[PDB]
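Asker: Let me begin by handing over the structure; questions about it come next.
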Amino acid sequence: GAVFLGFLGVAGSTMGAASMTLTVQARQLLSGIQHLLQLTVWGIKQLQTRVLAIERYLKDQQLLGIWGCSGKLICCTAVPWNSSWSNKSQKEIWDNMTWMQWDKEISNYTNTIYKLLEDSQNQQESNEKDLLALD
Amino acid sequence: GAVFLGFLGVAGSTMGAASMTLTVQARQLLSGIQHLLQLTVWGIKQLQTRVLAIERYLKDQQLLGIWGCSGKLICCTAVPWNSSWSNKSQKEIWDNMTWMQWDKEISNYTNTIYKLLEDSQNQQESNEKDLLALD
Amino acid sequence: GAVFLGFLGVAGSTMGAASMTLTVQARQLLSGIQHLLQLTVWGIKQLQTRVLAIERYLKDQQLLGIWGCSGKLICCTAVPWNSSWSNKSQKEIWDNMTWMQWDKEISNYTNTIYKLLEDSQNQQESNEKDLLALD
Amino acid sequence: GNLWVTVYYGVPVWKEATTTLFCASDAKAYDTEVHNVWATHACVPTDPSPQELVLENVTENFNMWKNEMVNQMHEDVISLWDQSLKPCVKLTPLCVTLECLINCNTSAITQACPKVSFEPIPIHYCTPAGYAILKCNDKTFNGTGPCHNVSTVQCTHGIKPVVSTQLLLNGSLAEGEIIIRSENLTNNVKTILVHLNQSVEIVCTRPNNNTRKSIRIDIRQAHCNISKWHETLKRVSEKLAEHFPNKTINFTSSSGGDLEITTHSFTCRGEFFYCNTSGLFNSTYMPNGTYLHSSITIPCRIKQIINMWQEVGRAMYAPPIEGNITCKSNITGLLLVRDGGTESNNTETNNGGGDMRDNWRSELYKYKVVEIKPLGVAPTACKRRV
Ligand SMILES: *[C@@H]1O[C@H](CO)[C@@H](O)[C@H](O)[C@H]1NC(C)=O
Ligand SMILES: *[C@@H]1O[C@H](CO)[C@@H](O)[C@H](O)[C@H]1NC(C)=O
Ligand SMILES: *[C@@H]1O[C@H](CO)[C@@H](O)[C@H](O)[C@H]1NC(C)=O
Ligand SMILES: *[C@@H]1O[C@H](CO)[C@@H](O)[C@H](O)[C@H]1NC(C)=O
Ligand SMILES: *[C@@H]1O[C@H](CO)[C@@H](O)[C@H](O)[C@H]1NC(C)=O
Ligand SMILES: *[C@@H]1O[C@H](CO)[C@@H](O)[C@H](O)[C@H]1NC(C)=O
Ligand SMILES: *[C@@H]1O[C@H](CO)[C@@H](O)[C@H](O)[C@H]1NC(C)=O
Ligand SMILES: *[C@@H]1O[C@H](CO)[C@@H](O)[C@H](O)[C@H]1NC(C)=O
Ligand SMILES: *[C@@H]1O[C@H](CO)[C@@H](O)[C@H](O)[C@H]1NC(C)=O
Ligand SMILES: *[C@@H]1O[C@H](CO)[C@@H](O)[C@H](O)[C@H]1NC(C)=O
Ligand SMILES: *[C@@H]1O[C@H](CO)[C@@H](O)[C@H](O)[C@H]1NC(C)=O
Ligand SMILES: *[C@@H]1O[C@H](CO)[C@@H](O)[C@H](O)[C@H]1NC(C)=O
Ligand SMILES: *[C@@H]1O[C@H](CO)[C@@H](O)[C@H](O)[C@H]1NC(C)=O
Ligand SMILES: *[C@@H]1O[C@H](CO)[C@@H](O)[C@H](O)[C@H]1NC(C)=O
Ligand SMILES: *[C@@H]1O[C@H](CO)[C@@H](O)[C@H](O)[C@H]1NC(C)=O
Ligand SMILES: *[C@@H]1O[C@H](CO)[C@@H](O)[C@H](O)[C@H]1NC(C)=O
């Protein structure tokens, strides 16, 4: 995906391609089985990138936290979809609109989904207490 | 919270404030939508901090593991409280004792709670097997 | 464990030893309560290691993801064991074959287990939908 | 009904610890001034994002004598001073245990001793991760008292590296007004500290004017034409009386001894200016002072064979520079203890300071380093399936 990250697919490959290259990125990195006096500064600048990679990585890989699947690579949410948002089915979805040209179709619900998602997380917290109010 | 971490509230703000700034830290970082020849060493020292941030971050953000909610930002445990520990209700709790002066009130149960918590985790493991002993 | 990682036991100590030093690594790091003009380059080389530590750390500490326990330090899977694989019981298991000489006994099922494990993860996904097909 | 537990993450709870902190210190990395030399070699250019996310109604007892952060700054400074300052021949003492012959034999230690420079750096202190440096906008405390409208920082504020006795140079100033720091009035050693909310002028010049060095078989003679001030001392006395109510207010006794506790001892040309108890040390207070009434005069001169505030034992510095020196300042406050006792009848006198661990603690009453204890416990009604 051109960088240490974006590592769950290749551009132009439509959705299903990237979605499945998830597991093969896993399975491919699972087993593991001249230098100038001022190369210093290149190494240096080389450093940041990797850190920042992990940093952002977490930074929302973290805040998949309030989204209920931090750390991992694959959510499934619990919200009712609004056909007003995309109105498409997996067939054309995964095989077409090579994502970069996919999400622009929904460039606006970008935060409405975060809305509904954290909302259902709080929904779960509410039902956990409802269920615990007796035992 | 003065650093890359401690990022779920502001000091002096009592509990409820920080507890809710949790979700807005989430929602605020969700979308994303002179240099001296020895600046080297400052960058260098700048590095550690961020790593160590993630490192500690995990290091017990990890060992929320045995606590059953690693990775995330918000637990709810499953233990019976000892009114002998604080004997307070959410109203004054969250609005008062701006935490730094909150936990000192319970500076001793610091490890008794870890006790009971990992204990109930093992309790769950025990009930899982009890329940699985037939099917 | 000779490095920032491998931190859940000591070599030669058989399994049970390392398995329990897990929790005491936790409990031991929980509380927290000459320099040459070209020391630059040693610090530099010192850097990578720590990053890469976290990097690999995650990199499959991450892909414990598809294994259903990323982030953490201790899985329990859900698969039926093949006595053809080791045919041993915890007693000798944990007290003998100081792991390095343990896993060589099963140097081949290395990927069969990943097989069955991700397989049961997908099994759970399948049962979640079966269960949700009505409500 | 019943009560059960919750615990959760990240809920700012910052109990005590006082561990290592790192500096934030913008040196130049070019000037030979050893201040910046250390400020870059072992210290680091500045942090541009401090976020004093002001506290709400905290109640935390920023007890200014259980802040080992202050000891840490101390040892940082002692670390700084010695590659900073070069004692030609240091005569330090030692003994190894032999009950009474403990072998206190004078250990002479030779070195090389040229000049460099002296110019403070407002350094700042920077909690490690999971650690937070509570600040304090209130400064009064009686000595031990919280602050509503402060909170955390990322690195601290400037706390400079000059050292002086009862009275500083080129240093901090005071924020709101003049307050004091002590406890019990039974025997009263308990050194008292004031931060004086204005500035003062102290300036010493000596171009050459004294070419003839010695007197017998003066260049070390320095005349400090200062100022005149007095009204800050009137504020001094009125405070003192507000804490020492029914008695007059003198100083009345500078007994003496080792020069550094009594005399104004402050660092310039790497060296210091040592006079007697003749100046500004005198006035009594019943409702008026007792002195008198540009750069006019006060006679504090230089020595060479100094004592160390650091570790007991002498030191031997270099012959001075031809002349033409100057040092200004901005007094933040003063360092005082009652010349007390039980011989006294209704006059009262204050009298002096040489322990750095407060000399840089009229600047850190705020800073209380803490970890995070972001794991928190609380009650709910939460319990599991059986
Ligand atoms: C892209 O076009 C090629 C045609 O050569 C086709 O083989 C490939 O399947 C297309 N990409 C996707 C994701 O279908
Ligand atoms: C989304 O769908 C729900 C139910 O299907 C409906 O109540 C809601 O109004 C919809 N919102 C949008 C923006 O379509
Ligand atoms: C929207 O969804 C409805 C569902 O019945 C479908 O019939 C229709 O073709 C869709 N329209 C568009 C423009 O996607
Ligand atoms: C993708 O789009 C092309 C034409 O744009 C269409 O032929 C193809 O059937 C679509 N994908 C699927 C799975 O139908
Ligand atoms: C969807 O996003 C686009 C972004 O340009 C915006 O113009 C459009 O108004 C959004 N949809 C609706 C219904 O507003
Ligand atoms: C907490 O309460 C339970 C019963 O409510 C009791 O058995 C237990 O000993 C108590 N623990 C402490 C530390 O007070
Ligand atoms: C402790 O909790 C009980 C609950 O009934 C309450 O009656 C009592 O006043 C509380 N005491 C203190 C000191 O908080
Ligand atoms: C917090 O404490 C103050 C003073 O003790 C009180 O006025 C306020 O009501 C308290 N908060 C709550 C929620 O009771
Ligand atoms: C603390 O007191 C201040 C006084 O203005 C008030 O604004 C604030 O709401 C209080 N704390 C809480 C948690 O309400
Ligand atoms: C509660 O914690 C404090 C913290 O110092 C401790 O002194 C006290 O002994 C603890 N409580 C009991 C009952 O021991
Ligand atoms: C290894 O042998 C030593 C004897 O030198 C013994 O003390 C130790 O228990 C053995 N290792 C383990 C893991 O038991
Ligand atoms: C593993 O065990 C299952 C049932 O316990 C059996 O069906 C399978 O063939 C076994 N495979 C191996 C390799 O032993
Ligand atoms: C294999 O497992 C069987 C199960 O009963 C046991 O009897 C046998 O001793 C085991 N053999 C080996 C070599 O582990
Ligand atoms: C491990 O092997 C040794 C020698 O074969 C034996 O003495 C020891 O008891 C074994 N461990 C267990 C738990 O039986
Ligand atoms: C088990 O692993 C070893 C590793 O050398 C391999 O030789 C052997 O073939 C594997 N077992 C089977 C049944 O193939
Ligand atoms: C001693 O001080 C009090 C005020 O604290 C004052 O009222 C009283 O008059 C003083 N004593 C005399 C003898 O004036």
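Ordering of the structure tokens sets the chain letters (A, B, ...); residue numbers start at 1 within each chain; ligands are numbered from 1 in the order shown.
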Contacts of residue 31 (chain C) at 10 Å or less, counting only C-alpha atoms, minus same-chain residues fewer than 6 places along, as a list in words?

Answerer: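 Using only C-alpha atoms, the neighbours found are residues 110 and 111 of chain B; 371 and 373 of chain D.
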
Asker: Please produce an output containing C-alpha atoms for each residue in the selection, written as an mmCIF file, in the first residue's frame.

Answerer:
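Generated output (again20.cif):
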data_model
loop_
_atom_site.group_PDB
_atom_site.id
_atom_site.type_symbol
_atom_site.label_atom_id
_atom_site.label_comp_id
_atom_site.auth_asym_id
_atom_site.auth_seq_id
_atom_site.Cartn_x
_atom_site.Cartn_y
_atom_site.Cartn_z
ATOM 1 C CA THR B 110 -4.530 0.280 44.748
ATOM 2 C CA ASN B 111 -3.670 -3.407 44.605
ATOM 3 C CA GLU D 371 2.811 9.667 37.777
ATOM 4 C CA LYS D 373 -2.630 6.395 38.046
#

Asker: Leaving out residue 57 (chain C) and any residue of its chain fewer than 4 positions from it, which residues lie within 12 Å of it when counting only C-alpha atoms, given as a list in words?

Answerer: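 My reading of the contact set: residues 30 and 54 of chain A; 54, 55, 58, 59 and 62 of chain B; 4, 5, 6, 7, 49, 50, 51, 52, 53, 61, 62, 63, 64, 70, 71, 72 and 73 of chain C.
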
Asker: If you count only C-alpha atoms, which residues fall within 7 Å of region 98-109 of chain B, apart from same-chain ones fewer than 5 positions away, as a PyMOL selection string?

Answerer: (chain B and resi 12-15+85-86) or (chain D and resi 12-15+57-60)

Asker: Those same residues - C-alpha atoms - I'd like them written as a compact mmCIF listing (two decimals), in the first residue's frame.

Answerer:
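File written: part_20.txt
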# COMPACT_ATOMS: atom_id res chain seq x y z
CA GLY B 12 -8.53 19.99 38.05
CA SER B 13 -11.45 19.02 35.94
CA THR B 14 -13.14 16.51 38.18
CA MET B 15 -13.95 13.00 37.08
CA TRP B 85 -13.14 1.85 50.22
CA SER B 86 -14.69 5.16 49.28
CA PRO D 12 -6.40 11.62 35.56
CA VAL D 13 -5.32 10.51 39.04
CA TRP D 14 -1.78 11.59 39.72
CA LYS D 15 -0.47 10.21 42.98
CA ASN D 57 -11.55 22.86 42.21
CA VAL D 58 -8.55 20.79 43.23
CA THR D 59 -7.42 20.43 46.83
CA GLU D 60 -3.79 19.31 46.73

Asker: Pull the strand (DSSP E) assignments for region 125-366 of chain D out of DSSP run on the backbone, and list those residues as an MDAnalysis selection string.

Answerer: chainID D and resid 125:126 132:134 192:195 273:274 301:302 333:336

Asker: Filtering to N, CA and C atoms, could you give me those residues as a PDB file, in the first residue's frame?

Answerer:
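That gives us again-v4.pdb:
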ATOM      1  N   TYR D 125      11.637  21.894  33.582  1.00  0.00           N
ATOM      2  CA  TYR D 125      11.604  20.489  33.944  1.00  0.00           C
ATOM      3  C   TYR D 125      10.401  19.807  33.315  1.00  0.00           C
ATOM      4  N   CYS D 126      10.629  18.576  32.850  1.00  0.00           N
ATOM      5  CA  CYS D 126       9.750  17.876  31.928  1.00  0.00           C
ATOM      6  C   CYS D 126       9.519  16.480  32.469  1.00  0.00           C
ATOM      7  N   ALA D 132       3.175  14.031  35.325  1.00  0.00           N
ATOM      8  CA  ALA D 132       2.598  15.346  35.151  1.00  0.00           C
ATOM      9  C   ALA D 132       3.143  16.269  36.226  1.00  0.00           C
ATOM     10  N   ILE D 133       3.543  17.460  35.813  1.00  0.00           N
ATOM     11  CA  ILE D 133       4.188  18.429  36.681  1.00  0.00           C
ATOM     12  C   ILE D 133       3.108  19.414  37.097  1.00  0.00           C
ATOM     13  N   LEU D 134       2.431  19.158  38.212  1.00  0.00           N
ATOM     14  CA  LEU D 134       1.454  20.147  38.633  1.00  0.00           C
ATOM     15  C   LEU D 134       2.142  21.470  38.943  1.00  0.00           C
ATOM     16  N   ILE D 192      12.620  30.737  56.759  1.00  0.00           N
ATOM     17  CA  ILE D 192      11.520  31.481  56.169  1.00  0.00           C
ATOM     18  C   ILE D 192      11.990  32.020  54.827  1.00  0.00           C
ATOM     19  N   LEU D 193      11.081  32.072  53.864  1.00  0.00           N
ATOM     20  CA  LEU D 193      11.430  32.536  52.537  1.00  0.00           C
ATOM     21  C   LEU D 193      10.374  33.501  52.044  1.00  0.00           C
ATOM     22  N   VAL D 194      10.809  34.587  51.416  1.00  0.00           N
ATOM     23  CA  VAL D 194       9.906  35.579  50.855  1.00  0.00           C
ATOM     24  C   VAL D 194      10.222  35.715  49.376  1.00  0.00           C
ATOM     25  N   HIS D 195       9.195  35.882  48.539  1.00  0.00           N
ATOM     26  CA  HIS D 195       9.399  36.227  47.131  1.00  0.00           C
ATOM     27  C   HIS D 195       8.911  37.650  46.943  1.00  0.00           C
ATOM     28  N   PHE D 273      31.278  38.446  45.548  1.00  0.00           N
ATOM     29  CA  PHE D 273      31.588  39.767  46.083  1.00  0.00           C
ATOM     30  C   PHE D 273      31.312  39.736  47.576  1.00  0.00           C
ATOM     31  N   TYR D 274      32.357  39.867  48.379  1.00  0.00           N
ATOM     32  CA  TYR D 274      32.270  39.549  49.797  1.00  0.00           C
ATOM     33  C   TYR D 274      32.566  40.792  50.621  1.00  0.00           C
ATOM     34  N   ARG D 301      33.668  43.162  47.884  1.00  0.00           N
ATOM     35  CA  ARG D 301      34.853  42.872  47.089  1.00  0.00           C
ATOM     36  C   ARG D 301      35.004  41.369  46.894  1.00  0.00           C
ATOM     37  N   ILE D 302      35.990  40.984  46.086  1.00  0.00           N
ATOM     38  CA  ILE D 302      36.123  39.596  45.661  1.00  0.00           C
ATOM     39  C   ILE D 302      37.207  38.905  46.477  1.00  0.00           C
ATOM     40  N   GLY D 333      13.143  37.828  45.678  1.00  0.00           N
ATOM     41  CA  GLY D 333      12.795  37.700  47.073  1.00  0.00           C
ATOM     42  C   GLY D 333      13.996  37.587  47.983  1.00  0.00           C
ATOM     43  N   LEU D 334      13.797  36.989  49.140  1.00  0.00           N
ATOM     44  CA  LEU D 334      14.826  37.049  50.144  1.00  0.00           C
ATOM     45  C   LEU D 334      14.709  35.823  51.035  1.00  0.00           C
ATOM     46  N   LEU D 335      15.757  35.594  51.813  1.00  0.00           N
ATOM     47  CA  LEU D 335      15.943  34.347  52.526  1.00  0.00           C
ATOM     48  C   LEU D 335      16.236  34.694  53.976  1.00  0.00           C
ATOM     49  N   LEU D 336      15.342  34.331  54.904  1.00  0.00           N
ATOM     50  CA  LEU D 336      15.462  34.875  56.254  1.00  0.00           C
ATOM     51  C   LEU D 336      14.964  33.910  57.321  1.00  0.00           C
TER      52      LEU D 336
END

Asker: Residues of chain C were defined as contacting chain D if any atom lay at most 10 Å from it, counting only C-alpha atoms; please report them as a PyMOL selection string.

Answerer: chain C and resi 31-33+35+37

Asker: Take the residues that were just selected and, keeping N, CA, C and O atoms, output them as a PDB file, in the first residue's frame.

Answerer:
ATOM      1  N   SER C  31       3.938  -0.636  38.911  1.00  0.00           N
ATOM      2  CA  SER C  31       3.846   0.548  39.760  1.00  0.00           C
ATOM      3  C   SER C  31       4.733   1.675  39.245  1.00  0.00           C
ATOM      4  O   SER C  31       4.290   2.826  39.152  1.00  0.00           O
ATOM      5  N   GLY C  32       5.979   1.368  38.891  1.00  0.00           N
ATOM      6  CA  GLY C  32       6.927   2.411  38.564  1.00  0.00           C
ATOM      7  C   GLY C  32       7.275   3.253  39.777  1.00  0.00           C
ATOM      8  O   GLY C  32       7.990   4.251  39.664  1.00  0.00           O
ATOM      9  N   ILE C  33       6.769   2.855  40.945  1.00  0.00           N
ATOM     10  CA  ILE C  33       7.021   3.547  42.206  1.00  0.00           C
ATOM     11  C   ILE C  33       8.163   2.865  42.939  1.00  0.00           C
ATOM     12  O   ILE C  33       8.133   1.654  43.155  1.00  0.00           O
ATOM     13  N   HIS C  35      30.587  10.827  26.912  1.00  0.00           N
ATOM     14  CA  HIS C  35      29.629  10.837  25.811  1.00  0.00           C
ATOM     15  C   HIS C  35      30.294  11.482  24.605  1.00  0.00           C
ATOM     16  O   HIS C  35      30.478  12.703  24.576  1.00  0.00           O
ATOM     17  N   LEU C  37      31.413  12.646  20.659  1.00  0.00           N
ATOM     18  CA  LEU C  37      30.781  13.380  19.569  1.00  0.00           C
ATOM     19  C   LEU C  37      30.161  12.451  18.538  1.00  0.00           C
ATOM     20  O   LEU C  37      29.296  12.883  17.769  1.00  0.00           O
TER      21      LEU C  37
END

Asker: Kindly compile the residues surrounding ligand 12 within 7 Å, counting only C-alpha atoms and all ligand atoms, and format them as a list in words.

Answerer: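 Written in the requested form, the residues are residues 80, 81, 82, 83, 84 and 85 of chain C.
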
Asker: Do you know which residues are within 12 Å of ligand 11 using only C-alpha atoms and all ligand atoms? Can you write them as number ranges by chain?

Answerer: C: 9-21, 92-99

Asker: One decimal, Å: what's the distance from atom 2 (O, counted along the ligand's line) of ligand 10 over to CA of residue 378 (chain D), could you say?

Answerer: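 Taking atom 2 (O, counted along the ligand's line) of ligand 10 and CA of residue 378 (chain D), their separation equals 15.8 Å.
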
Asker: Taking only C-alpha atoms into account, which of C:44, C:76, C:22, C:116 comes nearest chain A?

Answerer: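 Once distances to chain A are computed over only C-alpha atoms, the minimum belongs to C:44.
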
Asker: As a quick test: using only C-alpha atoms and all ligand atoms, which residues lie no more than 12 Å away from ligand 16? Give them as a list in words.

Answerer: residues 241, 242, 243, 244, 245, 246, 247, 248 and 346 of chain D

Asker: Using only C-alpha atoms, can you tell me which of B:48, B:124, B:112, B:28 comes closest to chain C?

Answerer: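 Result for the nearest residue to chain C: B:48.
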
Asker: Which of these residues is nearest to chain C, using only C-alpha atoms: B:27, B:129, B:91, B:56?

Answerer: B:56

Asker: Compare C:89, C:47, C:36, C:135 by their minimum atom-to-atom distance to chain A, counting only C-alpha atoms, and give me the closest one.

Answerer: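 Result for the nearest residue to chain A: C:47.
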